[PDB]
Amino acid sequence: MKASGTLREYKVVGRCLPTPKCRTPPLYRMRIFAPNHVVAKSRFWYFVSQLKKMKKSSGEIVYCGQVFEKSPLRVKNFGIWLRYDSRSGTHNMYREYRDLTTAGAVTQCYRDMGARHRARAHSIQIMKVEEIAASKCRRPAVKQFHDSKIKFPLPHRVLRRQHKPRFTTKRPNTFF
Amino acid sequence: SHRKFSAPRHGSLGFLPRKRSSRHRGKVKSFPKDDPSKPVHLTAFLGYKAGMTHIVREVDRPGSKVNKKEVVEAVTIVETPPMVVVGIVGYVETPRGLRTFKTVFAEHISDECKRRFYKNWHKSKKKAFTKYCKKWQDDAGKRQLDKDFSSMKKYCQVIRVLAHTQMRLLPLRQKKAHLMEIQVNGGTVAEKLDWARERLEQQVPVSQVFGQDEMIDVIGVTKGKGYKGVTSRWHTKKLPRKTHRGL
Amino acid sequence: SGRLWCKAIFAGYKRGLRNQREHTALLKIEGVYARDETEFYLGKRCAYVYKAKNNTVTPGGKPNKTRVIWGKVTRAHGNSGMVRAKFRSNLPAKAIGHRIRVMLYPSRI
Amino acid sequence: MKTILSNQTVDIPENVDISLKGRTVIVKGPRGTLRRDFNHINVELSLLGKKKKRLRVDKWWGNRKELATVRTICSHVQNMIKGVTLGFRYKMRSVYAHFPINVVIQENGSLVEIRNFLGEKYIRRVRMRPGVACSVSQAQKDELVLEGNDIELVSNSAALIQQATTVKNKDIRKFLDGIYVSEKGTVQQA
Amino acid sequence: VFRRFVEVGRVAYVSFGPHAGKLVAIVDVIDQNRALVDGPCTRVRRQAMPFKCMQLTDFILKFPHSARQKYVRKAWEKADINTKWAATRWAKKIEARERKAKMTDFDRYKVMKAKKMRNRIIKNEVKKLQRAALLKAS
Amino acid sequence: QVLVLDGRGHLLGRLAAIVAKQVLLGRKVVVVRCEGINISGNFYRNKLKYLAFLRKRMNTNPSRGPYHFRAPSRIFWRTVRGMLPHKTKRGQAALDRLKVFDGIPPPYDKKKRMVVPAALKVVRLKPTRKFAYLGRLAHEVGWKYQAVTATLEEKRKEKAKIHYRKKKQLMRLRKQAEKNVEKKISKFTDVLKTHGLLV
RNA sequence: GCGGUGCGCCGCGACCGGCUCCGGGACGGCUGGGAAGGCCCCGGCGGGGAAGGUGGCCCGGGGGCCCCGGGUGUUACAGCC
RNA sequence: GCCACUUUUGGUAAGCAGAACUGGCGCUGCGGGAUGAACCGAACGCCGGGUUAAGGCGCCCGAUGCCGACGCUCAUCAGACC
RNA sequence: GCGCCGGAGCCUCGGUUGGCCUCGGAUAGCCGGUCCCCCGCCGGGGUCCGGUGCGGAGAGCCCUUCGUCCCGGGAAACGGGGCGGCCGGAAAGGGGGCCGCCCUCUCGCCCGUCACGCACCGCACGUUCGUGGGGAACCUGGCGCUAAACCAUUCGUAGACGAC
Ligand SMILES: [Mg+2]
Ligand SMILES: [Mg+2]
Ligand SMILES: [Mg+2]
Ligand SMILES: [Mg+2]
Ligand SMILES: [Mg+2]
Ligand SMILES: [Mg+2]
Ligand SMILES: [Mg+2]
Ligand SMILES: [Mg+2]
Ligand SMILES: [Mg+2]
Ligand SMILES: [Mg+2]
Ligand SMILES: [Mg+2]
Ligand SMILES: [Mg+2]
């Protein structure tokens with residue numbers, strides 16, 4: 001998997017094929033975060049192969065569908081439990097983000113661990129994402145937005161749109 | 001492999017284009033740095049190497065073996081007849097250097113100095129400065145050539161007077177008088193130029209340039225010794241006797 | 001009694017890094033510096049105008065010295081409003097960084 | 001982590017008239033004026049309160065390497081208030097084992113000649129800083145007093161004359177001579 | 001010092017993007033660099049929006065940080081932002097900016113003929129004032 | 001048809017990267033006051049870089065070796081000709097249209113000089129980074145004319161302020177004349193305001 | 001006049017067809033028979049909860065009744081779930 | 001005969017010597033890897049239009065002159081693409 | 001036989017197709033005023049007043065070219081065009097401002113009235129800076145200019161030869 005674009009969040013259920021040993025197998029459900037349903041169904045048979053004795057050849061996708069986020073106009077806090085591989089060793093983690101959608105926080109999580117830890121998207125596994133209320137949050141870079149009277153200016157407005165006026169007279173202003 | 005035995009290199013690379021000097025007259029590459037406190041004075045002079053002789057003098061240095069003893073010391077005679085000042089020239093400091101601004105010559109300049117402007121004084125008809133000297137004898141030119149002193153007193157930082165030797169008084173075959181810019185170092189630029197425009201077309205002797213027991217610098221071209229070999233010029237080690245193609 | 005052609009600089013030929021294709025000129029039209037602005041100039045007539053020694057014949061007039069190479073703008077070229085053109089005889093490399101007059105008259109308004 | 005806001009107010013006292021021209025501060029009081037432009041520091045200096053009783057430095061969106069420069073600004077303003085209310089008296093004592101360090105003060109407090117340090121004949125002429133007045137204190141036998149307004153001038157003119165008296169090529173642990181900064185107090189007290 | 005603060009309820013003009021030219025209102029600052037905005041009265045839907053595209057007006061309208069669009073519209077048309085925006089010198093020099101872009105060729109000609117005389121009348125006045133000040137000096 | 005660029009507060013290679021392209025597109029560029037070009041990174045790294053460039057002399061004849069120009073204008077000239085294809089004759093005809101000047105000489109002191117925001121220090125460095133002045137670097141690597149050009153530029157500034165005070169005076173006479181004339185240019189102004197030029 | 005063939009040289013326009021790149025419209029299907037959101041101190045009537053706590057109350061400072069911190073608590077003269 | 005992925009023998013090791021499978025080079029241009037027998041793309045009659053691959057888009061140098069997104073990073077030896 | 005000042009053309013090299021005549025500079029801050037106030041030789045600073053996504057805006061400013069004809073309105077009259085004096089210039093020097101005169105005009109600019117000017121019959125390099133840079137020969141006049149260099153000879157402070 002490469003984390004192309006923004007990630008979508010899928011509810012993929014699946015089961016092994018009916019045999020005369022067990023005529024109705026149990027059905028298994030995962031939250032698979034993926035750019036599209038094809039790689040979602042591939043990550044499903046990655047993780048369920050790691051968990052159960054189940055492969056793509058002896059099983060089937062019973063339902064692969066994008067589960068839409070249920071309140072995308074409330075800013076929410078997200079806790080993501082993680083598992084990834086460094087240059088030497090595997091590490092469990094817990095990162096916190098603050099975003100509108102459950103998959104927006106995960107596509108922010110991939111781009112944060114690729115930024116900080118050089119952890120690539122095939123190396124990063126993802127196990128739990130919870131919407132966390134503002135008391136249970138514990139990361140100081142997220143908890144500083146938890147005040148009703150939030151207030152800050154935008155101090156050094158760097159000039160974008162540089163090569164549109166390219167040669168001017170006036171020096172570009174920076175304080176706005 | 002390295003040199004077995006280290007040894008300092010022959011010659012100096014600081015004097016490196018060891019060529020014939022383009023000039024016969026020694027040229028001052030840097031006059032002493034000016035300051036507006038001292039009274040005005042010339043800072044260079046020309047002379048002619050006469051020869052060498054002795055001296056006996058009593059030495060007063062407390063600490064040597066030769067305190068209150070009397071050495072002999074070799075000396076050099078430099079004949080220095082008084083030099084005639086025949087012009088001034090100003091200089092303005094520029095970000096590209098120090099550009100000449102306005103050269104102003106005297107009224108009557110002597111025909112030993114006029115020799116310098118001619119590669120062949122015999123074949124010529126001696127016509128230099130003839131249309132220029134007539135500016136000093138009319139009001140159309142006098143108000144012209146004092147307005148430029150007023151511009152030299154505004155825009156020039158370095159005023160260098162323009163003197164020449166007086167070769168009528170020398171025992172030499174030559175009559176073509178050497179001439180030289182001599183930087184005037186003294187007060188403000190107004191004092192510095194209203195000192196020298198009175199020295200214009202008259203003498204300057206030596207005794208109001210230098211004094212006794214003052215250290216000075218001698219500029220000049222060496223005694224030319226021709227196209228010479230590497231052991232004669234760079235003093236490299238002569239190769240031994242047995243060498244086939246010369247030693 | 002005035003000027004009736006947009007200013008354009010002949011930037012280069014249509015070229016790869018180790019290959020240039022001289023059948024297609026790159027024109028940098030002054031004022032337009034983006035593909036959302038290069039929409040107007042597509043399909044316009046354009047001309048490289050140059051003087052020479054021997055007299056040519058000028059249509060509608062006596063023989064002058066000024067000669068041309070006509071051509072048309074074909075398509076845009078990259079995000080900065082650079083544009084492609086094709087002339088009916090290929091431009092000499094004399095013209096690199098000179099003024100091609102890009103006309104107005106095949107007009108689409 | 002970018003924090004959202006750090007600030008730290010500084011109570012200026014009653015007699016001090018403080019003003020600030022953009023980011024450059026001017027502190028005035030009894031002893032004089034001190035000016036120190038903070039044009040490298042990239043903050044918001046705001047002189048809040050009428051009667052003008054507090055200076056307030058703000059830093060918005062700063063990581064810790066530039067959040068460290070808030071109590072730095074506060075401490076330079078406090079040392080700027082102190083050197084105009086009270087002044088800066090650095091007393092410094094000449095420790096000498098055998099040869100007496102002979103200090104003479106010239107140009108009414110602006111030049112210090114240091115003689116006979118370890119019996120040497122080279123004399124240390126050290127110029128002070130503009131605003132600092134060196135003096136040989138009475139009621140104490142060998143003690144120099146450096147008084148002034150700017151702490152970075154008083155302390156630097158102390159460290160100059162302290163590094164002018166060093167040993168060379170010897171055991172510094174035994175040849176413990178030189179003028180050394182002993183007490184760092186104010187000129188007048190409260 | 002600073003005059004415009006990003007907070008709950010500041011109206012922001014928008015530089016670029018899909019909603020360019022519309023006022024918007026900050027509801028809740030999501031992250032360091034992106035914010036949850038809406039304009040209930042200027043036809044721009046409730047969404048997140050970065051700070052790179054929004055310029056801050058000096059208009060604060062008071063509503064809580066979790067309030068929905070029904071209660072943002074009430075505090076909008078209470079303070080009457082849409083007329084105070086058109087009365088601002090800001091919007092007059094964006095409206096006069098786009099009038100010059102809307103200007104046709106005949107309008108460009110008429111503007112040229114007007115300013116050709118108006119600059120001459122101004123210059124003929126100014127070179128009376130200059131010599132009047134010089135006769136005052138004399 | 002001649003582009004006069006200012007040089008104060010512009011990054012060295014960020015300015016040269018567009019001076020090179022406007023020069024290759026046939027536009028005669030005169031950049032001016034190359035003293036106040038500043039380079040990013042701190043002064044000691046930049047001085048070490050230029051001293052390392054001074055170390056690169058040809059071993060057998062340093063006269064044929066790389067000419068290390070010490071003036072700021074010619075440092076900027078050499079860093080443009082690094083970016084131009086100066087072996088080919090279009091690059092040689094390009095470099096003939098770049099005209100660099102230490103300070104602002106009298107051909108271009110009374111001409112309005114242009115600023116590139118896309119190559120400028122306050123735009124393209126974040127403000128806690130520390131930059132390095134090309135004038136000071138060139139001076140204490142061996143350009144001899146810092147103080148001379150500084151006094152000449154101070155002479156130009158104290159004269160440009162005499163120009164600017166008169167320009168202020170003329171604009172105040174104009175905007176005090178316009179209120180005297182607003183009764184008879186009331187209809188000449190109104191057709192300008194309806195077409196977006198005077199409001 | 002028709003048909004074939006071409007113009008001495010340089011050019012233009014028109015429509016038709018092929019091959020392409022792009023723009024503007026407009027309609028429909030599906031899904032959690034879309035998810036959310038819009039309108040009816042305001043969707044209605046009763047019930048609850050806390051906080052990134054609105055009122056109010058108290059303390060503190062900047063004041064000339066406003067603004068700003070801190071504490072209490074649960075709809076008040078804000079809102080949320 | 002040589003090289004390369006992976007498997008592999010001797011040797012500390014080698015742009016060393018010896019094997020297996022397959023593909024290359026030799027017999028082979030072209031775009032990219034600045035440079036280059038073997039690497040990545042791709043194999044070729046002579047041309048026009050369009051579009052890609054690998055690789056790129058400050059300038060040399062076609063193309064980011066996107067109001068590109070999120071972070072990390074100060075190096076007095078920064079870093080920068082099989 | 002040369003330089004300068006005031007005509008027709010010819011050959012050749014080519015590029016261009018309106019000018020922007022200038023503060024310094026800050027960027028977590030700026031610009032413009034007012035001066036009522038404080039010092040200096042009009043300048044600096046405080047106060048207050050305006051702007052500040054810059055509008056005293058380079059997203060900008062200036063100029064705008066079809067021509068002439070009459071008659072009227074708006075603007076001008078102090079202006080428009082052409083001869084003598086006062087200043088402004090040095091870093092690589094300003095075709096700029098001002099004072100007079102003998103002339104001259106109600107012309108120019110903005111609305112209107114009136115008709116004309118190859119209307120060259122749909123078609124390309126048109127429109128300029130252009131009295132362009134250079135090169136010769138012709139023209140008529142005015143005021144001014146009448147030189148050096150190199151060889152050959154000599155020197156010997158120099159020298160392989162040149163060079164000096
Ligand atoms: Mg050795
Ligand atoms: Mg032998
Ligand atoms: Mg010892
Ligand atoms: Mg082998
Ligand atoms: Mg072998
Ligand atoms: Mg084969
Ligand atoms: Mg091949
Ligand atoms: Mg390589
Ligand atoms: Mg492969
Ligand atoms: Mg092709
Ligand atoms: Mg490349
Ligand atoms: Mg032409």
# chains A, B, ... in the order shown; residues from 1 in each chain; ligands from 1

$ select_by_dssp --residues "chain D" --states "alpha helix (DSSP H)" --output "MDAnalysis selection string"
chainID D and resid 64:67 71:85 151:163

$ residues_near_ligand --ligand "ligand 1" --cutoff "12 Å" --atoms "only C-alpha atoms (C1' of nucleotides) and all ligand atoms" --output "PDB file with N, CA, C and O atoms, in the first residue's frame"
ATOM      1  N   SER B   1      58.158   9.934  -4.699  1.00  0.00           N
ATOM      2  CA  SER B   1      58.806  10.028  -3.409  1.00  0.00           C
ATOM      3  C   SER B   1      59.113  11.463  -3.074  1.00  0.00           C
ATOM      4  O   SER B   1      59.151  12.317  -3.946  1.00  0.00           O
ATOM      5  N   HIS B   2      59.354  11.714  -1.797  1.00  0.00           N
ATOM      6  CA  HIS B   2      59.611  13.043  -1.278  1.00  0.00           C
ATOM      7  C   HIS B   2      61.065  13.437  -1.508  1.00  0.00           C
ATOM      8  O   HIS B   2      61.873  12.658  -2.019  1.00  0.00           O
ATOM      9  N   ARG B   3      61.407  14.666  -1.134  1.00  0.00           N
ATOM     10  CA  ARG B   3      62.809  15.039  -1.029  1.00  0.00           C
ATOM     11  C   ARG B   3      63.395  14.381   0.205  1.00  0.00           C
ATOM     12  O   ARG B   3      62.761  14.361   1.262  1.00  0.00           O
ATOM     13  N   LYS B   4      64.591  13.807   0.065  1.00  0.00           N
ATOM     14  CA  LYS B   4      65.261  13.250   1.235  1.00  0.00           C
ATOM     15  C   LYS B   4      65.623  14.346   2.219  1.00  0.00           C
ATOM     16  O   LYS B   4      65.403  14.212   3.428  1.00  0.00           O
ATOM     17  N   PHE B   5      66.169  15.441   1.716  1.00  0.00           N
ATOM     18  CA  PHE B   5      66.689  16.518   2.540  1.00  0.00           C
ATOM     19  C   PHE B   5      65.922  17.777   2.182  1.00  0.00           C
ATOM     20  O   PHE B   5      66.029  18.271   1.058  1.00  0.00           O
ATOM     21  N   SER B   6      65.140  18.281   3.125  1.00  0.00           N
ATOM     22  CA  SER B   6      64.403  19.509   2.901  1.00  0.00           C
ATOM     23  C   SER B   6      65.347  20.698   2.888  1.00  0.00           C
ATOM     24  O   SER B   6      66.338  20.737   3.613  1.00  0.00           O
ATOM     25  N   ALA B   7      65.013  21.685   2.064  1.00  0.00           N
ATOM     26  CA  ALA B   7      65.838  22.867   1.903  1.00  0.00           C
ATOM     27  C   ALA B   7      64.937  23.966   1.382  1.00  0.00           C
ATOM     28  O   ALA B   7      64.012  23.666   0.619  1.00  0.00           O
ATOM     29  N   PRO B   8      65.142  25.217   1.782  1.00  0.00           N
ATOM     30  CA  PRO B   8      64.297  26.301   1.283  1.00  0.00           C
ATOM     31  C   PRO B   8      64.514  26.553  -0.195  1.00  0.00           C
ATOM     32  O   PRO B   8      65.593  26.314  -0.737  1.00  0.00           O
TER      33      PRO B   8
END

$ closest_residue --among "H:14, H:72, H:43, H:34" --to "ligand 11" --atoms "only C-alpha atoms (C1' of nucleotides) and all ligand atoms"
H:34

$ interface_residues --of "chain A" --to "chain D" --cutoff "9 Å" --atoms "only C-alpha atoms" --output "MDAnalysis selection string"
chainID A and resid 140:141 144:145 151:155

$ write_last_selection --atoms "N, CA and C atoms" --output "compact mmCIF listing (two decimals), in the first residue's frame"
# COMPACT_ATOMS: atom_id res chain seq x y z
N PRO A 140 0.07 16.96 24.36
CA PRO A 140 0.06 18.42 24.56
C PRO A 140 -0.04 19.21 23.28
N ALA A 141 0.31 18.64 22.14
CA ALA A 141 0.15 19.36 20.88
C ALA A 141 -1.28 19.35 20.38
N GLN A 144 -3.79 21.74 23.42
CA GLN A 144 -3.72 23.19 23.50
C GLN A 144 -4.83 23.88 22.73
N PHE A 145 -5.59 23.15 21.93
CA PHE A 145 -6.75 23.69 21.25
C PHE A 145 -8.01 23.52 22.06
N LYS A 151 -7.47 32.01 20.71
CA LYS A 151 -7.14 33.32 20.18
C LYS A 151 -5.66 33.34 19.84
N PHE A 152 -5.35 33.69 18.60
CA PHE A 152 -3.99 33.85 18.13
C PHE A 152 -4.00 34.62 16.81
N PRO A 153 -3.01 35.43 16.53
CA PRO A 153 -2.95 36.07 15.22
C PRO A 153 -2.20 35.20 14.25
N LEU A 154 -1.95 35.72 13.05
CA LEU A 154 -1.17 35.02 12.04
C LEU A 154 0.04 35.91 11.76
N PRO A 155 1.13 35.76 12.52
CA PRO A 155 2.12 36.84 12.63
C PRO A 155 2.94 37.17 11.39

$ interface_residues --of "chain A" --to "chain H" --cutoff "9 Å" --atoms "only C-alpha atoms (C1' of nucleotides)" --output "list in words"
residues 108, 111, 112, 113, 114, 115, 116, 117, 159, 160, 161, 162, 163, 164 and 166 of chain A

$ interface_residues --of "chain B" --to "chain I" --cutoff "9 Å" --atoms "only C-alpha atoms (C1' of nucleotides)" --output "PyMOL selection string"
chain B and resi 20+22+24+92-96+101+118-119+124-125+127+155+173+223-224+226-227

$ select_by_dssp --residues "stretch 96-125 of chain A" --states "strand (DSSP E)" --output "MDAnalysis selection string"
chainID A and resid 96:99 125

$ write_last_selection --atoms "N, CA and C atoms" --output "mmCIF file, in the first residue's frame"
data_model
loop_
_atom_site.group_PDB
_atom_site.id
_atom_site.type_symbol
_atom_site.label_atom_id
_atom_site.label_comp_id
_atom_site.auth_asym_id
_atom_site.auth_seq_id
_atom_site.Cartn_x
_atom_site.Cartn_y
_atom_site.Cartn_z
ATOM 1 N N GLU A 96 -2.045 11.016 18.598
ATOM 2 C CA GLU A 96 -3.320 11.711 18.682
ATOM 3 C C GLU A 96 -3.387 12.817 17.652
ATOM 4 N N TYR A 97 -4.520 12.906 16.974
ATOM 5 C CA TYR A 97 -4.745 13.922 15.963
ATOM 6 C C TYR A 97 -6.076 14.592 16.224
ATOM 7 N N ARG A 98 -6.395 15.571 15.396
ATOM 8 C CA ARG A 98 -7.563 16.408 15.625
ATOM 9 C C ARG A 98 -8.081 16.843 14.266
ATOM 10 N N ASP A 99 -9.232 16.313 13.865
ATOM 11 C CA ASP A 99 -9.668 16.428 12.483
ATOM 12 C C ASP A 99 -11.177 16.229 12.429
ATOM 13 N N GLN A 125 1.236 -0.551 10.330
ATOM 14 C CA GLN A 125 -0.047 -1.202 10.548
ATOM 15 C C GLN A 125 -0.876 -0.308 11.448
#

$ residues_near_ligand --ligand "ligand 8" --cutoff "12 Å" --atoms "only C-alpha atoms (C1' of nucleotides) and all ligand atoms" --output "list in words"
residues 32, 33, 34, 35, 36, 39, 81 and 82 of chain H

$ write_last_selection --atoms "N, CA and C atoms (P, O5', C5', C4', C3', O3' and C1' of nucleotides)" --output "PDB file, in the first residue's frame"
ATOM      1  P     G H  32      17.672  12.002 -22.629  1.00  0.00           P
ATOM      2  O5'   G H  32      17.555  11.200 -21.263  1.00  0.00           O
ATOM      3  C5'   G H  32      16.668  11.644 -20.255  1.00  0.00           C
ATOM      4  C4'   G H  32      16.467  10.619 -19.167  1.00  0.00           C
ATOM      5  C3'   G H  32      17.614  10.408 -18.206  1.00  0.00           C
ATOM      6  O3'   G H  32      17.742  11.432 -17.246  1.00  0.00           O
ATOM      7  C1'   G H  32      16.742   8.326 -18.831  1.00  0.00           C
ATOM      8  P     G H  33      19.199  11.925 -16.816  1.00  0.00           P
ATOM      9  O5'   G H  33      19.843  10.654 -16.116  1.00  0.00           O
ATOM     10  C5'   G H  33      19.407  10.261 -14.829  1.00  0.00           C
ATOM     11  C4'   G H  33      20.193   9.095 -14.293  1.00  0.00           C
ATOM     12  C3'   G H  33      21.697   9.236 -14.278  1.00  0.00           C
ATOM     13  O3'   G H  33      22.168  10.085 -13.248  1.00  0.00           O
ATOM     14  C1'   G H  33      21.125   7.095 -15.048  1.00  0.00           C
ATOM     15  P     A H  34      23.318  11.174 -13.521  1.00  0.00           P
ATOM     16  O5'   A H  34      23.432  11.299 -15.105  1.00  0.00           O
ATOM     17  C5'   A H  34      22.765  12.339 -15.809  1.00  0.00           C
ATOM     18  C4'   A H  34      23.713  13.317 -16.462  1.00  0.00           C
ATOM     19  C3'   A H  34      24.797  12.756 -17.364  1.00  0.00           C
ATOM     20  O3'   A H  34      24.305  12.468 -18.661  1.00  0.00           O
ATOM     21  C1'   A H  34      25.687  14.450 -15.966  1.00  0.00           C
ATOM     22  P     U H  35      24.947  11.322 -19.585  1.00  0.00           P
ATOM     23  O5'   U H  35      26.502  11.360 -19.276  1.00  0.00           O
ATOM     24  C5'   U H  35      27.435  11.911 -20.188  1.00  0.00           C
ATOM     25  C4'   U H  35      28.831  11.518 -19.792  1.00  0.00           C
ATOM     26  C3'   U H  35      29.088  10.024 -19.789  1.00  0.00           C
ATOM     27  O3'   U H  35      29.517   9.555 -21.051  1.00  0.00           O
ATOM     28  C1'   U H  35      29.841  10.991 -17.751  1.00  0.00           C
ATOM     29  P     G H  36      28.489   8.847 -22.054  1.00  0.00           P
ATOM     30  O5'   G H  36      28.885   7.314 -22.003  1.00  0.00           O
ATOM     31  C5'   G H  36      30.220   6.894 -22.241  1.00  0.00           C
ATOM     32  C4'   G H  36      30.655   5.847 -21.248  1.00  0.00           C
ATOM     33  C3'   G H  36      30.035   4.471 -21.438  1.00  0.00           C
ATOM     34  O3'   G H  36      30.973   3.454 -21.100  1.00  0.00           O
ATOM     35  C1'   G H  36      29.434   5.334 -19.318  1.00  0.00           C
ATOM     36  P     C H  39      21.392  -4.451 -18.538  1.00  0.00           P
ATOM     37  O5'   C H  39      21.533  -3.444 -17.316  1.00  0.00           O
ATOM     38  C5'   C H  39      21.837  -3.911 -16.010  1.00  0.00           C
ATOM     39  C4'   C H  39      21.498  -2.871 -14.980  1.00  0.00           C
ATOM     40  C3'   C H  39      20.114  -2.277 -15.137  1.00  0.00           C
ATOM     41  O3'   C H  39      19.131  -3.058 -14.483  1.00  0.00           O
ATOM     42  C1'   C H  39      21.700  -0.532 -14.945  1.00  0.00           C
ATOM     43  P     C H  81      21.843  11.923  -4.527  1.00  0.00           P
ATOM     44  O5'   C H  81      21.257  10.519  -4.974  1.00  0.00           O
ATOM     45  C5'   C H  81      20.522   9.712  -4.063  1.00  0.00           C
ATOM     46  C4'   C H  81      19.491   8.869  -4.772  1.00  0.00           C
ATOM     47  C3'   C H  81      19.664   8.754  -6.285  1.00  0.00           C
ATOM     48  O3'   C H  81      19.303   7.445  -6.714  1.00  0.00           O
ATOM     49  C1'   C H  81      17.543   9.682  -5.791  1.00  0.00           C
ATOM     50  P     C H  82      20.407   6.500  -7.390  1.00  0.00           P
ATOM     51  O5'   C H  82      19.725   5.063  -7.426  1.00  0.00           O
ATOM     52  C5'   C H  82      19.225   4.470  -6.239  1.00  0.00           C
ATOM     53  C4'   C H  82      19.107   2.977  -6.384  1.00  0.00           C
ATOM     54  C3'   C H  82      20.403   2.239  -6.658  1.00  0.00           C
ATOM     55  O3'   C H  82      21.116   1.966  -5.469  1.00  0.00           O
ATOM     56  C1'   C H  82      18.691   1.453  -8.103  1.00  0.00           C
TER      57        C H  82
END

$ residues_around --residues "residue C:25" --least-positions-apart "4" --cutoff "10 Å" --atoms "only C-alpha atoms (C1' of nucleotides)" --output "PyMOL selection string"
chain C and resi 10-15+21+71-74+83-87+90-91+96

$ write_last_selection --atoms "N, CA and C atoms" --output "compact mmCIF listing (two decimals), in the first residue's frame"
# COMPACT_ATOMS: atom_id res chain seq x y z
N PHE C 10 10.83 34.48 -29.22
CA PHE C 10 11.12 33.12 -29.68
C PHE C 10 12.08 32.48 -28.70
N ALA C 11 11.55 31.67 -27.79
CA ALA C 11 12.37 31.14 -26.70
C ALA C 11 13.29 30.03 -27.19
N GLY C 12 12.76 29.11 -27.99
CA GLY C 12 13.58 28.04 -28.50
C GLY C 12 12.75 27.14 -29.38
N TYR C 13 13.38 26.07 -29.84
CA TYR C 13 12.64 25.07 -30.58
C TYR C 13 11.98 24.12 -29.60
N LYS C 14 11.08 23.28 -30.11
CA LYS C 14 10.56 22.20 -29.29
C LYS C 14 11.64 21.17 -29.11
N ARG C 15 12.10 20.99 -27.88
CA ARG C 15 13.34 20.28 -27.68
C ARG C 15 13.26 19.39 -26.46
N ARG C 21 13.73 19.59 -31.98
CA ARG C 21 12.89 19.35 -33.14
C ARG C 21 12.55 20.71 -33.72
N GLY C 71 3.64 31.91 -39.74
CA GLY C 71 3.34 30.67 -39.07
C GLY C 71 2.11 30.82 -38.22
N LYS C 72 1.69 29.75 -37.56
CA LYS C 72 0.54 29.86 -36.69
C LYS C 72 0.86 29.24 -35.34
N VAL C 73 0.19 29.72 -34.32
CA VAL C 73 0.24 29.12 -32.99
C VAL C 73 -0.60 27.86 -33.03
N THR C 74 -0.10 26.78 -32.44
CA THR C 74 -0.80 25.50 -32.49
C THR C 74 -1.40 25.09 -31.16
N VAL C 83 3.88 28.71 -25.32
CA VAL C 83 2.96 28.19 -26.32
C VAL C 83 3.79 27.61 -27.46
N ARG C 84 3.20 26.71 -28.22
CA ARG C 84 3.88 26.15 -29.38
C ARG C 84 3.39 26.81 -30.65
N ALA C 85 4.26 26.87 -31.64
CA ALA C 85 3.88 27.39 -32.93
C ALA C 85 4.58 26.59 -34.00
N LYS C 86 4.06 26.64 -35.21
CA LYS C 86 4.71 26.05 -36.36
C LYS C 86 4.77 27.07 -37.46
N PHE C 87 5.96 27.26 -38.02
CA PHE C 87 6.09 28.18 -39.12
C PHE C 87 6.23 27.36 -40.39
N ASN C 90 11.03 26.53 -41.23
CA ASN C 90 11.49 26.47 -39.85
C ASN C 90 12.36 27.67 -39.50
N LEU C 91 12.23 28.15 -38.27
CA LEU C 91 12.95 29.34 -37.85
C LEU C 91 14.45 29.10 -37.77
N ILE C 96 16.67 33.30 -31.85
CA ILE C 96 16.54 32.92 -30.44
C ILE C 96 16.58 34.16 -29.57

$ residues_around --residues "residue F:29" --least-positions-apart "5" --cutoff "9 Å" --atoms "only C-alpha atoms (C1' of nucleotides)" --output "ChimeraX atom specification"
/F:2-5,19,22-23,97-100

$ residues_around --residues "residue E:100" --least-positions-apart "2" --cutoff "10 Å" --atoms "only C-alpha atoms (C1' of nucleotides)" --output "PyMOL selection string"
(chain E and resi 95-98+102-104+107-108) or (chain F and resi 192-197)

$ residues_near_ligand --ligand "ligand 3" --cutoff "9 Å" --atoms "only C-alpha atoms (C1' of nucleotides) and all ligand atoms" --output "count of residues only"
3
